[PDB]
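Okay, so here's the structure we're looking at.
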RNA sequence: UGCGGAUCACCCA
RNA sequence: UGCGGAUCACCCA
RNA sequence: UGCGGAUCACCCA
RNA sequence: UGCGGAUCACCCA
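Protein chains in written order, with the UniProt record's numbering: chain F, 2 to 130; chain A, 2 to 130; chain Y, 2 to 130; chain B, 2 to 130; chain X, 2 to 130; chain G, 2 to 130.
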């Protein structure tokens, strides 16, 4: 085993699926990027740290690019029109058991499930009301 | 088309499900809490704002209780030993269309799907290896 | 020929054995933990480095939980009253061959074998007399 | 009884076994050395100390020599090409019972058992991977 | 998945092969060492970094030792009579796709294929003529 | 005899092959360029020198271009969108025989063989992990 | 306290 | 610590 | 940045 | 000497 495996970041039913693969582990930061030039790649980074005597903190980062082709100095280059950045920090007490942590994962999955308040608002460019 | 309604945060397949219901809306910050004491409740807050000229930023906070050896309705100190904190900040450039935002949501769902690296590590009290 | 695999740390003869499994690899420091909450888990970390021009140094750390009167999955404070810490540092001159290193390992196994002075004293809450 | 007895440090099946014997107890440090000149001897030292109000700390040291014969000033002397040094510190809480301490000993024996990750890496001059 | 694994550095048929194994990955620098005496070992290190806004730079190092036995005063140690030092730096713009990178690799493998100008000169203590 | 000849730098089956040819050998620096527009050409240079009393040092350079067409004001020129820069230095003591040099070459060819750690990382825009 | 160092019951921060 | 900011493993209070 | 040096992740202009 | 930078046989400490 090694959980540092590749996974499907954006699922579009097998056709046009954004897949992300292990690309770096330097400095304790696990990194994943899609098969693109470094300038147009989806990027995911993860790191864990004992943030205190009784706490552990996960720091996760996701970068979603809007791929474009730009003409700089009369030449064509693969670039990113802009990027969207997700930054999350999860602080878990050292007292949390394996079942306690599964409860945290389930909460995050239910938070972002299709049809629920938050993903509905984000997908429509609105707030909660 | 109001989206501030109750939803299932922790789905255990109908039996043992955790439901979170609207509980506050002070200052545009929508809040949802489970039916517990606030020291043991599941909490979710969400707010959107124009962080700058080029971006909008969603701030989602989630609080999850440590359930193992928990005494329902009891006083458990210190507070930090019994709660986990999730802090999410999504930055979306003002040029993102509904389609772009939908993709960004799929990426978040993909990052947390069962079997993937990040959720598997969190659930096993691990990092990447 | 990968050696970062799970192993039996505490052998009780098949029944009641404690298994430690790979859990982290941030910064070359390999980590193994038992299936518990991190406050009650068995932990093992290991790293090697060129401490100086003439030597290499292995740093092995082991954390063992106090099990008597322990409440599985519970919050036990203070942390120092419930854990034992083992700190090992092995310095091997760069001239040591595989044979030399094997002898050094046998010496460590010999020092801790059942019936010998050091382990017998540790197990009886004693010193030398 | 008196656990200050001689033991077999390096076991080679009865032939070429490095045996170590009680040689000193001055200043609370128990010492053992093999039957060699003090310059080529295997050395083991052990001491216990109440390192705090609620902690006890064992300090163990093992020295494995690479015996050689050197010619200084035209004369032959028994000496050590180089030495390997093992330094360990075990901190145990005063609350650990006799059964709790046996668990610590078992962990150290299982840590160094033939075929496991750590002794495998050390014996082959590599790291964990 | 992991690429910080053991690999054959020098291929001499089936036996006589020099194999290098992971030894350390501290501060973004991956290190590989061959077995036995560190003093006579082959060394391979690798690191990547963002050298500028548009460039990522690989820094690869290889050390080939000339195995020998030193003798001073009658004491003999395994050493390296001398070492050959390979030092390479590879700069690749961030607009390079996985296809462009594969070509850069083919170029490196071709520059050193048996029979070509450069490896021939090196193999014969020669230069170009 | 001469080793300042034409050779295949990038091998793509039988056709698509990049061939580099001698172009200049001024001041102890041998240079090889691929055919057509110098602006989109592959470049390879090589030089040797006595860097110190006991060492001779090779300095090899390779340039991989990203063929493109520039357009400014309507005039179009063949250019290189960008270039990948390989820079290597190989130091070899004067005591190295033709046999020792052949090993150094095998080590270089092995470091870059398909499948091994380093060429794989480079080919996938990755680092070590 | 140090996954700081050593010629190893000493030295350093 | 911030429901502070970013060009996103960095910056600010 | 050096077709600058090394005992090779350091040092020099 | 740099796991220092480059538009790459140059430039920096």
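Every residue gets a Cβ at the ideal spot worked out from N, C-alpha and C, and that includes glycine.
#1: CA-CA distance, residue 37(B) and residue 76(X)?
#2: If contact means a Cβ-Cβ distance below 7 Å, which residues of the stretch 95–114 of chain B contact chain Y?
#3: Could you round the C-beta distance between residue 26(Y) and residue 117(B) to whole angstroms and report it? I think they count as a contact, below 8 Å.
#4: For the alpha helix (DSSP H) holding residue 87(B), just list the boundary residues, first then last.
#5: Got a sec: is the Cβ-Cβ distance from residue 23(Y) to anything in chain A below 9 Å?
#6: Taking the C-alpha atoms as reference points, what is the distance between residue 21(Y) and residue 73(F)?
#7: Given a cut-off of 9 Å, decide if residue 31(F) and residue 128(A) are closer than it, judged by their beta-carbon atoms.
#8: Would you mind reading off the limits of the beta strand (DSSP E) that contains residue 34(F)?
#9: At a CB-CB cut-off below 7 Å, which residues of chain G make contact with residue 122(X)?
#10: Nearest-angstrom Cα distance between residue 2(Y) and residue 43(G)?
#11: Using alpha carbons as the reference points, say which of 126(G), 67(G), 92(G) and 88(G) lies closest to residue 109(X).
#12: Does the CB of residue 39(X) have a neighbour CB from chain B at under 9 Å?
#13: Just how far apart, CA to CA, sit residue 80(X) and residue 70(X)?
#14: Among the residues of its own chain, which have a CB less than 7 Å from the CB of residue 24(F), if the five just before and after it don't count?
#15: Which residues in the same chain as residue 41(A) place their Cβ atom closer than 6 Å to its Cβ, once the five residues preceding and following it in sequence are excluded?
#16: Among 46(X), 102(X) and 126(X), which has the Cα closest to the Cα of residue 124(G)?
#17: Just the C-alpha distance for residue 119(B) and residue 39(X), rounded to the nearest angstrom, thanks.
#18: Roughly how many whole angstroms lie between the Cα atoms of residue 60(G) and residue 84(G)?
#19: Could you list which residues in chain X have their beta carbon closer than 7 Å to that of residue 48(F), in chain order?
#20: Find the residues of chain G that neighbour residue 139(F), judging by a C-beta separation of less than 7 Å, and give them in chain order.
#21: Between which two residues does the alpha helix (DSSP H) containing residue 106(B) stretch?
#22: Tell me the DSSP secondary structure of residue 129(X) in three-state form.
#23: If we require 3 or more residues per run, which beta strand (DSSP E) segments fall completely within the stretch 17–72 of chain Y?
#24: What residue from 112(A), 6(A), 10(A) and 121(A) has the CA that sits closest to residue 62(F)'s CA?
#25: Is the CB-CB distance between residue 82(Y) and residue 4(B) below 9 Å?
#26: Between the stretch 57–79 of chain F and chain G, which residues of the former have CB atoms less than 8 Å from a CB of the latter, in chain order?
#27: Strictly under 9 Å for the Cβ-Cβ distance: is residue 117(X) near chain G by that measure?
#28: What is the residue span of the beta strand (DSSP E) that residue 1(X) lies within?
#29: For residue 57(A) and residue 106(A), I'd like the C-alpha separation in whole angstroms.
#30: Quick check on residue 53(G) - is its C-beta less than 9 Å from some C-beta in chain X?
#31: Using a beta-carbon distance below 9 Å, is residue 88(B) in contact with chain Y?
#32: Scan the stretch 8–20 of chain A for residues whose Cβ lies nearer than 7 Å to a Cβ of chain Y and list them as they occur along the chain.
The short version:
#1: Going by the C-alpha atoms only, they are around 18 Å apart.
#2: The stretch 95–114 of chain B vs chain Y, Cβ under 7 Å: 96, 97, 98, 99, 100, 101, 102, 103, 104, 105, 106, 107, 108, 109, 110, 111, 112 and 113.
#3: Residue 117(B) and residue 26(Y) do not touch by the CB rule: their CB atoms are close to 17 Å apart, not below 8 Å.
#4: It is not in any alpha helix (DSSP H) - residue 87(B) instead sits in the beta strand (DSSP E) that spans 76–94.
#5: yes
#6: 55 Å
#7: The answer is yes: Cβ separation under 9 Å.
#8: 31–34
#9: 4
#10: 40 Å
#11: 88(G)
#12: yes
#13: Each residue's alpha carbon lies about 6 Å from the other.
#14: 32, 33 and 34
#15: Counting only Cβ-Cβ distances below 6 Å, and skipping sequence neighbours, we find 66.
#16: 102(X)
#17: 18 Å
#18: 19 Å
#19: Residues of chain X passing the Cβ test: none, with the nearest at roughly 13 Å.
#20: Since the first residue shown for chain F is 2 and the last is 130, residue 139(F) is missing from the structure and cannot be characterised.
#21: 99–112
#22: Coil, per DSSP.
#23: 19–25, 31–34, 44–50 and 56–66
#24: 112(A)
#25: no
#26: 74, 75, 76, 77 and 78
#27: yes
#28: Chain X is shown only over 2 to 130; residue 1(X) falls outside these bounds and no answer can be derived.
#29: 15 Å
#30: no
#31: Residue 88(B) counts as touching chain Y.
#32: none
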